[PDB]
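Per-entry structural report
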Amino acid sequence: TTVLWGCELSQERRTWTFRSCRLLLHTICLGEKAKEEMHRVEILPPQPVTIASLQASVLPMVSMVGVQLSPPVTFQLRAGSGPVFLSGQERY
Amino acid sequence: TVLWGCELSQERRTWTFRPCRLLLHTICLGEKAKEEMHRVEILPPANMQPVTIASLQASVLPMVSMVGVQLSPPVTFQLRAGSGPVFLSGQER
Amino acid sequence: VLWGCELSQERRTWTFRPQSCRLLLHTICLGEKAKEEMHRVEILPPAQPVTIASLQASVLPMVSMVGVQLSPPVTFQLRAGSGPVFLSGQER
Amino acid sequence: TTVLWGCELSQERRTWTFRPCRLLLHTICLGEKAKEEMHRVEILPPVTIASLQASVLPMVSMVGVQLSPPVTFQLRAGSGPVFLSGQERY
Amino acid sequence: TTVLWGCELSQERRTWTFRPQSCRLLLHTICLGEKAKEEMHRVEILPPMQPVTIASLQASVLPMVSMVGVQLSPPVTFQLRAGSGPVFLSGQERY
């Protein structure tokens, strides 16, 4: 049974934790409100791993369909104001 | 098994798929779409926040290909930001 | 086997026929000769069209959609732009 | 068996042929030394598989395409260099 | 058993080798840091045979790429062939 999953990161709310046997991570997208500075999203333990770098006037968003993450997973907006959205599916 | 497609816009920013599995392939801006960024969401089914699946803009990225996304119906797409047209393609399986 | 086609304002359509009961669609690419306007490629019904790609020379000259499998007959149409636009795939 | 595979195309070497199995093709990338013109890469029996340009799209990923050898790539337009990467399987 | 993997390449560390029944490095994304300057970056894999180029990125053009589905057999040596970075690689160690 797969359920749709999503989150929004920003400078005000820089972190989000998924914490169902696997998180299927599909896309990462900038919101229309996001400033122009490069954005960077990392996954934190339990060093950080950078999974995406995006910029409004250069690369709207990115697809990474196929990535499957083992929970718990913490995302952090390591650089930029956001909003930055993430989409995916929980599967078990 | 069956090809699927839908165009979202200011006139129609919402669409819902019902019949097993929507394979979602690409999302593309139309040549008549104006400059502004466009954002496409999937709404949660009624039973917390819409899930953003694509951000596109004509001068910087006019489409994206997310082959491998497989959605269970009903699925409601919404054109959250932008006037469109924005197209969606995929297959009903 | 390997399969490809070129669409243009002169030749706007290109129908695939004959295993070869599956067309794997891999990439869609603008030619270096395509002019600056946005290009849109749709797939047409046998007997509403579905847009599968939007491209523009100065913004995004190609796209990969490896994984799409289509059931023949498939008719592609260059709905907008003058081309050339190329498609590639693998008859399966 | 799997072995990493790569080749480089350019005006000085327009084509490259892989043969003695499937070639898993991964990415196609412009070199930093490349010029600014649009580059187009074909597979010759031609089928165009990529268009790239340094100031617009310097590479593309094609993880999933599997080719039956022999396979000949051609730099149909542009001066290069253009790199291809993949994996020989079996 | 799968574990998240991530490395950072730069002028400082312009080469990293992932060393070892079985294990595959699943290679997911390669992304420029916001601190990378304007030059083109190119990342190779060096034979444990010439180097193989796997990505070309540039901040003002294409700051990252996804290559989900690439499964590398160790040993795998990554090299930042052109560019000062930082450039980040992400993936998972499987099995």
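Everything in this summary refers to the structure shown in the same document. (Residues numbered from 1 in each chain as written, not as in the entry; some residues may be left out. Chains lettered and ligands numbered in written order. Heavy atoms only, no water.)

As a further point, take the sheet that holds strand β7 (residues 71–77) of chain D. Residue and element names in this part refer to chain D. As summarised here, the arrangement of the four strands in space is β2-β7-β4-β5, forming an open sheet in which the pairing is antiparallel. In this open sheet, the two strands that pair with only one neighbour each are β2 (15–18) and β5 (47–52). Going across the sheet, the axis of each strand differs from the next one's by a mean of 20 degrees, ignoring polarity. Two elements, β2 and β7, share four bridges in a ladder whose sense is antiparallel. By the bridge assignment, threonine 17 is partnered in β7 with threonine 72. (Pairing = 2+ DSSP bridges. Helix = DSSP H or I, 4+ residues; strand = E, 2+ residues; numbered from the N terminus. Axes fitted to C-alpha atoms, helices over the stretch in contact; angles between N-to-C directions.)

Right, let's talk about the interface of chain D and chain E for a bit. Across the contact, 22 residues belong to chain D and 24 residues belong to chain E. Interface of chain D and chain E: buried area, both sides summed, is about 1,700 Å²; carbon and sulfur atoms make up 69% of it. Counting the surface chain D buries against chain E, the share from its top three residues, D:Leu4, D:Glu32 and D:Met59, is 32%. For the pair chain D and chain E, the interface holds one salt bridge. Residues D:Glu32 and E:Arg42 are paired through a salt bridge, measuring 2.8 Å at the closest nitrogen-oxygen approach. The tally of links between chain D and chain E comes to five residue pairs in polar contact. Of all elements in the fold, only β1 (2–9), β3 (22–30), β6 (59–67) and β8 (82–89) of chain D reach the threshold of two or more residues within the side of chain D that touches chain E. Residue classes in the side of chain D that touches chain E are distributed as 12 nonpolar, nine polar and one charged. (Contact = heavy atoms within 4.5 Å. Buried area = accessible area lost by both parts, 1.4 Å probe. Salt bridge = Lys/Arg side-chain N within 4 Å of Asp/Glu carboxyl O. Polar contact = N/O pair within 3.5 Å; in protein donor to acceptor, adjacent residues only side chain to side chain. Nonpolar A, V, L, I, M, F, W, Y, C, P; charged D, E, K, R; others polar.)

The partner chain B presents 23 residues to the 22 residues of chain A that form the contact. Contact with chain B buries area across many residues of chain A, yet A:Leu4, A:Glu32 and A:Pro60 alone supply 32% of it, more than any other trio. Counting the contacts that link chain A with chain B gives one salt bridge. Two residues, B:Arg39 and A:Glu32, come together in a salt bridge whose shortest N-O distance is 2.6 Å. If you look at where chain A meets chain B, you find three residue pairs in polar contact. Those elements that provide at least two residues to the side of chain A that touches chain B are β1 (2–9), β3 (22–30), β6 (61–69) and β8 (84–91) of chain A. Its residues assigned to classes, the side of chain A that touches chain B shows 12 nonpolar, nine polar and one charged.

On to the packing of aromatic side chains. Residues and elements named next belong to chain A. This model, assessed by the stated rule, comprises 14 aromatic pairs over all chains. Both rings, one in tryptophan 16 and one in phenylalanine 75, keep their centres 6.2 Å apart while their planes meet at 25 degrees; by these two values the pair is stacked. A residue is classified by how much of its surface remains accessible, and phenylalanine 75, at 0% relative accessible area, is buried. Here a set of aromatic residues connected by ring pairs shows up, and it is made of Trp5, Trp16, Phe18 and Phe75. (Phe/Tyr/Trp six-rings, centres within 6.5 Å; stacked < 30°, edge-to-face > 60°. Buried < 20%, exposed > 50% of the residue type's maximum accessible area, 1.4 Å probe, protein only.)

Residue and element names in this part refer to chain D. Most of strand β4 (residues 39–44) is tucked away: five of the six residues are buried. Where β4 and β5 come together, five bridges link them in antiparallel fashion. Pairing of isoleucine 43 across the sheet is with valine 47, part of β5. Pairing of β4 with β7 involves five bridges; the strand directions are antiparallel. Following the sheet pairing, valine 41 is matched in β7 by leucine 75.

For the rest of this paragraph, the subject is the pattern of salt bridges. Using the criterion set out here, one finds 13 salt bridges over all chains in the structure. Across the salt bridge formed by E:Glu34 and A:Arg40, the nearest N and O atoms sit 2.7 Å from each other. Pair noted here: E:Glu34 is in the loop between β3 (24–32) and β4 (41–46) and A:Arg40 is in strand β4 (residues 39–44), and the two residues belong to different chains. A relative accessible area of 21% places E:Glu34 in the partly exposed class. When the shortest N-O distance is used, the salt bridge between E:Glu34 and A:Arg78 registers 3.8 Å.

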